[PDB]
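Q:
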Amino acid sequence: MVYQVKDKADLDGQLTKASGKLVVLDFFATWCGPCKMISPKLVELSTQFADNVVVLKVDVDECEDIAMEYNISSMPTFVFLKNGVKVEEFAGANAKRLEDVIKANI
Numbered sequence: 006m007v008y009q010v011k012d013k014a015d016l017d018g019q020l021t022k023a024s025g026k027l028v029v030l031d032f033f034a035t036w037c038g039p040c041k042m043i044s045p046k047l048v049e050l051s052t053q054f055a056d057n058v059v060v061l062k063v064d065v066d067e068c069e070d071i072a073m074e075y076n077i078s079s080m081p082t083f084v085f086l087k088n089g090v091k092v093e094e095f096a097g098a099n100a101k102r103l104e105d106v107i108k109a110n111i
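Per this note's numbering, the sequence shown runs over residues 6 to 111.
1) Mind listing, in chain order, the continuous beta strand (DSSP E) runs of no fewer than 3 residues lying wholly within the segment 33 to 104?
2) Is the segment 14 to 22 touching the segment 45 to 57 in the sense that three or more CB pairs, one from each, lie closer than 8 angstroms?
3) So which of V106, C40, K22 has the shortest CA-CA distance to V65?
4) Sort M42, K62, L86 by Cα distance to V10 and report the nearest one.
5) Give the range of the alpha helix (DSSP H) segment to which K22 is assigned.
6) Under a three-way DSSP split, which group does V106 fall into?
7) Name, in chain order, the residues that DSSP records as bridge partners for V28.
8) Exposed or buried, what is residue 143 when buried is set at 16 or more other beta-carbons lying within 10 Å of its beta-carbon?
9) Our contact map puts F85 next to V7 with C-beta atoms below 8 angstroms; I'd like the distance itself, whole angstroms only.
10) Is it buried or exposed for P45, if we count other Cβ within 10 angstroms and need 16 for buried?
11) Can you give me the Cβ contacts of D70 inside the same chain, cut-off strictly under 8 angstroms, excluding the 5 residues immediately before and after it?
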């Protein structure tokens with residue numbers, strides 16, 4: 006219930022397929038402490054709103070082109086997309102802001 010994209014292609018197809026749901030892009034790195042901390046909260050939210058939200062994990066080490074396209078420089082970074090529009094974006098493992106944004110756009 007927390008799909009990890011493989012490339013721009015796998016990502017683009019996912020956004021298209023994500024109909025009218027809120028899409029959360031999680032830009033992370035395995036070696037980044039803050040990312041490991043926030044992951045539990047991500048799984049919880051993902052499960053609680055399984056029908057109104059889709060979470061896409063993007064390993065910046067594997068998808069350099071995507072990380073570069075979104076101009077990522079801090080881990081973790083969350084980009085919120087709803088119907089092709091970027092409704093929000095912020096960096097950092099702020100569990101509280103993550104939940105507020107999800108509940109504010111579903």
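For every residue, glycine included, the Cβ atom is placed at its ideal position computed from N, Cα and C.
A: Answer, in terms of the structure:
1) 58 to 64, 82 to 87, 90 to 96
2) Fewer than three Cβ pairs drawn from the segment 45 to 57 and the segment 14 to 22 lie within less than 8 angstroms of each other, which leaves the two stretches out of contact.
3) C40
4) Looking only at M42, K62, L86, the smallest Cα-Cα distance to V10 is reached by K62.
5) Looking at the DSSP string, the run of the alpha helix (DSSP H) that includes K22 is 13 to 22.
6) helix
7) Looking at the DSSP output, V28 shares a beta bridge with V59, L86.
8) A question about residue 143 goes unanswered here, because the residues of the chain that appear run from 6 up to 111.
9) Contact doesn't hold; Cβ gap of about 15 angstroms is too wide.
10) exposed
11) In its chain, beyond the 5 residues on either side, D12, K13 have a beta carbon closer than 8 angstroms to the beta carbon of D70.
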